[PDB]
Amino acid sequence: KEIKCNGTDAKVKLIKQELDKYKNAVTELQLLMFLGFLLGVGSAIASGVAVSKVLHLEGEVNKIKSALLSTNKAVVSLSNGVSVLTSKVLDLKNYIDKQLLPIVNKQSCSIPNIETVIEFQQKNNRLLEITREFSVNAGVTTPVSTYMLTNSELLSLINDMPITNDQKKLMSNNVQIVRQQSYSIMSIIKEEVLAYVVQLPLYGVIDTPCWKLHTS
Amino acid sequence: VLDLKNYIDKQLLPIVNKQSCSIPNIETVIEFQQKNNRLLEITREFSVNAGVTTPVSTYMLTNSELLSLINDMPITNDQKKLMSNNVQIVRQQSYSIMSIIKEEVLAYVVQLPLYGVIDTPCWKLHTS
Amino acid sequence: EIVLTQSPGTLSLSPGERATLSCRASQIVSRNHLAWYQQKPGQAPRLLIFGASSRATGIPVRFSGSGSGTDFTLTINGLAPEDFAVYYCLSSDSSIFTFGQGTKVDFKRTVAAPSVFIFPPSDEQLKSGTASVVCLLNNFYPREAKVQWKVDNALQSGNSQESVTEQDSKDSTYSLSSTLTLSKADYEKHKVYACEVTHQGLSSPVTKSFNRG
Amino acid sequence: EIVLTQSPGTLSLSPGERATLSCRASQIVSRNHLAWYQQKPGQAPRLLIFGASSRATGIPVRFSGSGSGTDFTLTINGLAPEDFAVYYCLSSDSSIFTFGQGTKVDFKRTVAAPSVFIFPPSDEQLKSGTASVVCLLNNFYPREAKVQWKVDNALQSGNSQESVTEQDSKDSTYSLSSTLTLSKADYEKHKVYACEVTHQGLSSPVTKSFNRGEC
Amino acid sequence: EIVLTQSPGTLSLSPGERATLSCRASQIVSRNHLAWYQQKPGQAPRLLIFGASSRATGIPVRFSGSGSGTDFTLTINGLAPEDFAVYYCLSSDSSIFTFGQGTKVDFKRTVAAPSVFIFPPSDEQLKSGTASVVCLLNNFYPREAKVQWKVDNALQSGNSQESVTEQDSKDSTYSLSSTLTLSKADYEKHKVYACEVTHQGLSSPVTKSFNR
Amino acid sequence: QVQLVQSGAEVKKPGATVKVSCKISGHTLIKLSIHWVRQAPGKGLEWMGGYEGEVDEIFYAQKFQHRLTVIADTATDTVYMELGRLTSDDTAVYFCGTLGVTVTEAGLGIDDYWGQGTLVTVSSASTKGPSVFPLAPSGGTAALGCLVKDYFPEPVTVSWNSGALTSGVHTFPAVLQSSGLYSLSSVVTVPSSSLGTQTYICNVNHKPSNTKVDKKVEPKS
Amino acid sequence: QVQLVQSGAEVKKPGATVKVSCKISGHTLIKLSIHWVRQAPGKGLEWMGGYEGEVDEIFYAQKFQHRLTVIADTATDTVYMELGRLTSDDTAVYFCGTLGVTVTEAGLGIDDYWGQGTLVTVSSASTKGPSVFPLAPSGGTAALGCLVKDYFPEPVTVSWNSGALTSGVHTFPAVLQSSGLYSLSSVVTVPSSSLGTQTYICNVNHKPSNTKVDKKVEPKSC
Amino acid sequence: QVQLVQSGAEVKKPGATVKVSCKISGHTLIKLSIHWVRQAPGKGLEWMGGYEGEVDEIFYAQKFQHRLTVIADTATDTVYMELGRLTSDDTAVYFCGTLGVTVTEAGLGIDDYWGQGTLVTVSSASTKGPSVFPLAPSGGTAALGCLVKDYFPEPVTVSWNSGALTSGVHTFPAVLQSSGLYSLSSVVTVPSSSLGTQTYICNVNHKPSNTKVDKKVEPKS
C-alpha cells in the first residue's frame, strides 16, 4: 500500500500513477466480495460457484500457492475430495516486491532507463483489462477473452485436462467456440494472491448424426 | 472528470502553433498518452452503442467517482449503504447517455437506479 | 549586461570536414533561451538550432548543437558547400535578446599567389580634377594580405582605402582592389608610382610601378 | 584501500556563477554507490546527489552530478546564497563508506584591509601569574593572512593560538584573534609588545603595538 | 583511403584499472559503420563493440565505446584477465573498411631484472661452416630492452635476429633470444664475444662474454 | 505560405526620423512574435526591440530605449518601427524577425520568418549621380575594368556587355569617402589576345539618380 | 514522520567506554539503514560503521574494527554505538544517519534522516568555570571585548549586555590549550566616540558549572 | 548451428595463384556478409575485400583491385578467394569474417562469425627438416636449450623429455633468415645443481618434413 517515495522525477511519477492503477484494480476486486416453454431450467454455473465458494475456506489458498511454488501449472486435490486444474498466468508479486517496493520504500528514489516503465506497463495491463471485464459483468463473464486466457494458456489447459483423446483434438480445433461456451467466475482475493475459476465445457457426445428441421 | 483543455492549450498548443517545435523528455509523450487514452475508449463505446451504453463501464466512471456521487446523491442512508456494497449491480442497472458537445466542453448524462423499496421479503417460485 | 563571445573570428575549413564553433557568455543563460542562426551575404538570417540541441524544421541532420551554463558549441558534422557563411549565436533572458559578433566560415583553399596589376588614373579622370590609382589582386588565398603605396618611393598612408570581394563560388579565391586618392597637385609632383604587394602565397613581395605615362 | 581526493580544497565564488567541484577516488567505484553530501556549520549532513547523476527529493534542479570510474564532478548551475557551505563526496563499496576531505565554498569578496588592534593583558589577569596578549585582525579578505609576534622586537612562536571567524553574512569578511601565552614573570621581562600584520588588503604591513604599563 | 591512428600504440596497465583506448581517423566516418574488435594471439578477431556505444551479444558490460566524427574512445571499465590482447579499431564507409594499426595491452608488472645468458655454437654445427650465437634475457619486465653485440669490442649490425615471447601467463615476464649468424671463417677470426644488455631493470648494463 | 514584407529603402538626413514597416501575410499578428534587428554595413547584428503578440508587450534595448518607439497594429497585421535623432552611426540595414521563444513543461516552440531587409542610408549629402572612368590595360592574362566614383546614395548595379560577360567578373563593394559619397571598382580578367578585337563596355545603372551609362574601355599605347 | 533521537552529551576520560543512542520514532528499524559518522573539529567527515536492516548485517571500518561495536534493538526502534579505549583524537561530534542505498534493476533508493548530533569530549580535565578578563579599547574607531580563558568543558555562551549588542560583534570559536582548558574571544567594533558614555559589560555563562560573571569594559580607567 | 570452414594450409611459390575456400554450414549465404582480412606475421591487420549477400555485390580494396578476385557459390554456401602474383610480403594468415553492417531507421544489426584461418607461405625453398644443435651450459640459476635452425616451413614442435618439464620452458616464435629458412630457439631454466643428474633432451617434430630428432643437452669441457 503506502508509497514512501515522493520524488519529482518524471519517470517516477509515471511509475507511481501506474502503481496506483494496480492498487486501485485490486481494491475494485476486493469490493466484489419455438417450443422453449417445454425446456428445463437449471443453473449452468452451479459447478463453478461451488468451486469459488470452496476457495473461501482457509488454507485452500495455501495448498494452491504451495503446489504452484516451483511451477506455473499443477493439479490440486481440494479439501472436499475433487481434483481441479490450477495455473499461474502472471507473476506481478515478484516484480513489484523485488524490484519496486525496496526502492520506493525510501525517501529519494530514482529510475534511469525509461524502458523499465514501459516493461512495467506491459505486464500490468493484462491485470487492468481483467479487472475491467469483471466490474461490468458482476464477476461472471462469457465468452472468455484473451485477457482472461490467451490461446497458449487455453491450449495448455486442454492438453492437460482429464478428457478423452478424441475430445482433445475436437476442443483444440475449435477453441474459439469453447471460449463462447465458457464462463470466467471471479472467486476470491486474499493472502497476496488473486484467483478466479474458469468453467469449461466438456462434450460427452460426439459424431452422432445430427439433422436440422426447417418449417414454414 | 478530466481537463484536457488545460493541458493541451497551456502546455502544447503554444508549441505546436509555431513553425519549429521541439519535444525533449519523452516522458512528456507518455503522460499525454495516459490522459488521452480515457477519452478514446469512451468515444469508442458510444460509437458502437449510439450513445446508449449499459452497463456503465469503468471508462465511463471510475468507482472513486461513482461513490462520490452515491455519497452526494439525494438518497437515504440505507440506500447509500445498499448501493455502495453492491456497486457492480448499480452499474448493470444504469445507462450512460451521450448528451451534447460544444463550447470547449463535452458532457453526457448518466442514468442511475435509485431503490425506493428495500429489504422487503422476496421469494422465488420454481415450476415444472 | 549580457556579453557574448565567439571563437574563432574566422574559420577556414575544407568541404567534408567538421566545423566546430564556440559561443561563450559573460554569465549563465537559460538553455531554452539560447539559439543559433546562420546568415549568408545579402540574406536575412536563418534559424538553425535553438535551445542548444534542437534543430529547426527542414534543417539537415548534419547540424547539431550542444552546451550549458556559459559555454555553448555549434557543431557541423561534414561541411556542405552551402554552409560556408557567417554564424551568429543568440542569447536571450527576460525576453532581452543579445547577439554575438559572428563567426565567418571560409573555404580551406590551397595557398595561391595573386595576379597583380596596377591601373593609372584615366586621362579622362585627370580632366575632372581628381586622381584615383587602382591596384588589383585577383584570385588569391588566404584573405589576409597587405598593399602599400609608394609615389617616387615615398610611402603614402591614410589616403588609401581597400575593398575585398567575397569568396567566388567556383575557385574559392578572394580578390582585392586598393584605390589611392590624391589631388591633381600631389599626383603630378612625382614620377614613379608603385604598388607593393605582400601575401602569404608570395615567397617575396611583388611591386608593380609606372612613371608618368 | 579506497582513497578520495577533492579539488579545489576551497572555492570562492559570487552568487549566480557556476560552481564545479571535483572528486577523484583511488580506484573505480560503481556509479550507483557514489554520493554527494552538503554540510553547513552546526548542522548534520544533507544529501544532495546519489548514484552519480540522480538528484534527491526536493533538491533544486540547478544541482547536477555526473561522472564515472575515477573522476566525478558535482556541478551547481548558478550558485544560490544558501549553497555556501562544505561539500563532501562519499564513496562506498560492499557497504564500506569513505569520505573525501571536502571542498568548502567561500564568498568572492572585493579585497578588504583589516582594522588592526592589540590588547594588553588586564591587570586582573597579571595577578594570576599568566599573561595573555591579544592581537586582532577584524573584517578582512581574502582568507590568506599572517600574524607574527614581536616582544621588544624578539619574535615569538609556539606561544600564540589563532581562531577563525565564520564568514560574516553581511560584509563577507573574516576576522582572526591571536592569543599570546606568557606567564606574568615572562611578561615583565620586556618592554614593547608588537604585532606585525600582513594581509592582501594592505600594500604594506600595518602594526599596532604597546609598551609595558601603558594605560 | 581512410587512415586511422591509435594512441597509445602499446598500453601497459594492471587489472582492475580503467583502460582508455583512442582511435582517430584521417577524415569523418559514419558512426554506425565504426567498430572495435579484439584479437588474441592465434585466434580470429572477436567483435565486441560497434557503432561506438552499442555492445554485441555476450560481451561483458565492462566494455563501452564512445565518440563521433574523427575521435573515438573504447573504454574498458575494470580490466579482466582475458582482456589483455591486441585491440584494433575498424572504420567503414560505402562498404570500404579500413583497419587501425592496433593498440596492444600488457600486464602491469613490478619491474624485474633480466637473467642474462650467452650460448656459443656447438662444435657439431661448426662442422657445417656456420656459427649461430644465442644471447638470452630470461624473465624480465618491461618489454622494451636493447641487445647489442660486440665482437672483440667491435659492434656488429645487420647479422642479428631477435625473437620475442608473449607475456608468460604466470610470472608476467618476458624472454628474448637474439640469434647472431656468422660463417665458420669469420667466426674463428676473433676471441671475445660480448652481448650488451641495457634494460629498465638494470641500474647499469650487464654483459656476459666468453673466450674462444 | 507565410511571408514578411518590409518597407522600401529610405534615406534621411542627420537628426531626422525614419519609419520602417513590416507587413505580415498568411498569418495573424496576435499569435506571432516580431522583433527588429539591424546590421550596419559589414558589422555584426544588433538587437533593437520587439513585439510579443502572445502577451501584447513591447521590449526595447537599453541602448536605444530613450529614442526608439515601436508600434504594432493588430488590425492591419503590420508592425512599424521608428527611430529618431539619426546620426551617421544609424546607417544600417533593418530586418524584422520572429525570435520569440515559447517555453512550456512539455517542450519549446519557435517561428522563423524574416523580411527581405530594408536599406536605410543616413547622411547629409543630397542625391547625386555617379562619374564613370575607364580602367584600360597595357603578364600573360590581362585585366580591365571601370571605376564608379563620387555618387550618392546606395545602390548601383554593374554588368558587362549587357550581361554577356560572367567568367572572371569581380565587382567590388563600395567604400564611403570622407566627402560622404560612395566609390567602387569593377574589374574582369580577359585574354591578352582579345585586347585589339573585342569591345568591352561596362553597364552601370544608378537608380536614385536615374543615371544609366555604358562606358567603353579601350587599350592604348 | 521519521525522527532520529540521540543520547545526551557525554564526557569520558581516556581509556573509558562511551555509549551513544539513536532512537527511531514513527518508523521501523528492521527495514532501514543506520550508520555512525563523526567529524573532528574543523576537519572532514569520517565513516565508522553501520547497520542495514534490509539484510540485518553490520559493517565496520578496518580503522576501528578492533574497538567499535554497533547494536540494533528492533523492539525499541533504537540503535546504540559503543566505543572503548577513548583517546584525545576521538573528541568530536557524532551523528547517526541513513546512508544505506538499496539497488535493484529498476533504480536506486535512499533515505536522508539524521539525529541532532551528540558531542562527546574526551579529556582528563574536570568540570571548571571560566575566567573573564577585560580587553580595554583606545583610533577613530575602537574595538573592545573580553577574554574567556581557562574553562572546561564546552560549551559556554557569550552575549553583550544580555543580548542587547549585535552590531560589530565577532565571537571567536574556542581553542583547546595544551593545559586541557578552553579559551576563546568575543569582540565588537564600535566608534571610538562611545568610549566615554556607554557601558560595555560582557555576559559569560558556563552551564556545566553554572558560573556566570559580568565584567565591565572601560577604555583606560587610569 | 553456424560454422565456418576454410581450406587447409597452402604453400605456393612466388608468382603462383592460391585458392582458399570458406564453407558455411547450418546457414544460407544469401543472408550473410563475408569479408577477407589478412594478418602478416607479427604485423597489423589489413582489409582486402568482401561480399554482401543482401545486395550480391563484391567490393575490393584499392590496394588489391588489380590482382585479387572473389567468387561466391550460393548453391554450396561457400565463398572462395583467389590471389595471383604472390610475393614474400603476402606470406600471412588469412581469415574470412562477417563485418557486414545492416542499417535501418530502427537500429543496426551485425554478425560475428569467423573461420579458423588458413596460413599461406610463399617461398622458392622446398620443405626441409631442421638441424638441431645443443645449447650447453657451463651460478645459482642455469639455462640450457636447443637451436632449431634451417628448416621450412612452419611449424615445428618443441617439448622437453616428452612433456615432463613445463616450468621455465620458453619456446620462441620462428624467425625468417635471409636464406629463406625459418629459425627459432627453445630453452628452459634448470638448477645448476641438477646439471649432473637429470638428462635434458629436447623433442622436436617437424610435420611438413616428418623429421623427428631428439637432441641431448650435455655440459662440455
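Residues numbered from 1 in each chain as written, not as in the entry; some residues may be left out. Chains lettered and ligands numbered in written order. Part of a larger assembly, values for the part shown. Heavy atoms only, no water.

Engineer: Looking at this structure, I do not really get the arrangement of the chains. What am I missing?
Structural biologist: A gap remains between chain B and chain E, which never touch, and the nearest two C-alpha atoms on either side lie 21 Å apart. There is no contact between chain E and chain G; across them, the least C-alpha separation is 14 Å. (Contact = heavy atoms within 4.5 Å.)

Engineer: Sorry, what's going on with the interface of chain D and chain A here?
Structural biologist: Bring the parts together and some accessible area is lost; that lost area is often taken as the interface size. Contacts between chain D and chain A engage five residues on the former and seven residues on the latter. Surface buried jointly by chain D and chain A totals about 390 Å² across both partners, of which 49% is contributed by carbon and sulfur atoms. When the buried area of chain D at its contact with chain A is split by residue, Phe-50, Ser-54 and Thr-57 of chain D rank highest and sum to 84% of it. Between the two partners, chain D and chain A, sit zero salt bridges. (Buried area = accessible area lost by both parts, 1.4 Å probe. Salt bridge = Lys/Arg side-chain N within 4 Å of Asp/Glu carboxyl O.)

Engineer: Help me understand the pairing of strand β11 (residues 103-107) of chain E, please; the structure alone is not making it clear to me.
Structural biologist: Along any regular strand, the residues point their side chains to alternate faces of the sheet. Residue and element names in this part refer to chain E. Strand direction decides the pairing type here: strand β2 (residues 10-13) and β11, joined by four bridges, are parallel. Across the sheet, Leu-13 pairs through a bridge with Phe-107, a residue of β11. Pairing geometry for strand β9 (residues 86-93) and β11, over two bridges, is antiparallel. Across the sheet, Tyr-87 pairs through a bridge with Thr-103, a residue of β11. (Pairing = 2+ DSSP bridges. Helix = DSSP H or I, 4+ residues; strand = E, 2+ residues; numbered from the N terminus.)

Engineer: Explanation requested: the pattern of salt bridges in the structure shown.
Structural biologist: For side chains bearing opposite charge, pairing can occur when the charged atoms are close. Tallied over the full model, the rule gives 49 salt bridges over all chains. Residues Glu-124 of chain D and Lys-215 of chain G are paired through a salt bridge, measuring 3.0 Å at the closest nitrogen-oxygen approach. Highlighted residues: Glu-124 of chain D in helix α1 (residues 123-126) and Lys-215 of chain G in strand β20 (residues 211-217), drawn from two different chains. Salt-bridge contacts for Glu-46 of chain H lead to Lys-63 of chain H; the nearest nitrogen and oxygen are separated by 3.0 Å. You can see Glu-46 of chain H sitting in strand β5 (residues 45-52) and its partner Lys-63 of chain H sitting in the loop between β6 (57-60) and β7 (68-73), a full 17 residues away along the chain. If you follow the salt bridges from partner to partner, you end up with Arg-38, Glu-46, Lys-63, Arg-67 and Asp-90 of chain F in one network.

Engineer: Mind showing me how you'd approach a nonpolar patch on the surface here?
Structural biologist: Residues and elements named next belong to chain A. Together, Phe-34, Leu-35, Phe-37 and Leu-38 line one region of the surface with nonpolar side chains, adding up to about 610 Å² of accessible area. For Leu-38, the location among the structural elements is in the loop between α1 (10-32) and α2 (46-55). For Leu-38, a relative accessible area of 62% puts it in the exposed group. (Patch = residues over 30% accessible without salt bridge, like charges linked within 9 Å, V, L, I, M, F, W, Y side chains within 5 Å. Areas by Shrake-Rupley, 256 points an atom, 1.4 Å probe, with all protein chains shown as cover. Buried < 20%, exposed > 50% of the residue type's maximum accessible area, 1.4 Å probe, protein only.)

Function-wise, these values are silent; they only describe arrangement.
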